[PDB]
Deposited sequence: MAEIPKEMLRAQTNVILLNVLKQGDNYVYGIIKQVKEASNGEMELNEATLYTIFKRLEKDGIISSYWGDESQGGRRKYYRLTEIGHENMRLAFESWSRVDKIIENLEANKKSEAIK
C-alpha cells in the first residue's frame, strides 16, 4: 500500500543520488524513463521524503549555477546504502535457503 510504496520510492531516490547529484525534475524524468514509463513519481511525495532524509543527514542540498537546487547523497547516506546492500543480501540468501526452489 502507501507504506511499501514509500519504502520503494526511498530506495529508488537513494539509488538515483548514489549515481550522481540530481535535481527534482531530472530525478522524476529519469526514474520514469528507467521504469519503462511506469513509475511516475509525485513531486510532493519526493519533498516529504527529502525532508526526512535531510533531517537524518542522509542527503543534503545546494545551489547549482536560474540555478537548480541539487540534492546529493551524503557520506553517511553512502555508508548507509553499503550497510543496507550487505544486510539485504544476507536476507535474500536466507529466503533462498527457505524456498529451496
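Regions of the deposited sequence not represented in the model: No coordinates exist for the deposited residues in 1-4, 70-73, 110-116, so these stretches are absent from the model.
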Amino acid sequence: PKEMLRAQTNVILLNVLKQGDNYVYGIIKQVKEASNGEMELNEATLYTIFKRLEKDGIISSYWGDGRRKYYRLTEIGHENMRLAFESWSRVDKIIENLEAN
From here on, numbers count along this sequence of modelled residues.
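Heads up, when I say rigid core I mean the largest set of C-alphas that superpose within 1.5 Å between the two forms.
Stretch with greater C-alpha deviation in 4 other deposited structures of this protein, 22-30 versus 37-45 (rigid core superposition): Stretch with the larger root mean square C-alpha distance in 4 other deposited structures of this protein: 37-45.
More variable segment, 7-15 or 84-92 [Cα RMS over structures in 4 other deposited structures of this protein, core-superposed]: It is 84-92 whose C-alphas lie farther from the shown form in 4 other deposited structures of this protein.
Segment of higher mean CA temperature factor, 2-10 or 90-98: So the stretch with the higher mean C-alpha B-factor is 2-10.
Between the two ranges 35-43 and 54-62, the one averaging a larger CA B factor in the entry: Per the PDB entry, the higher value belongs to 35-43.
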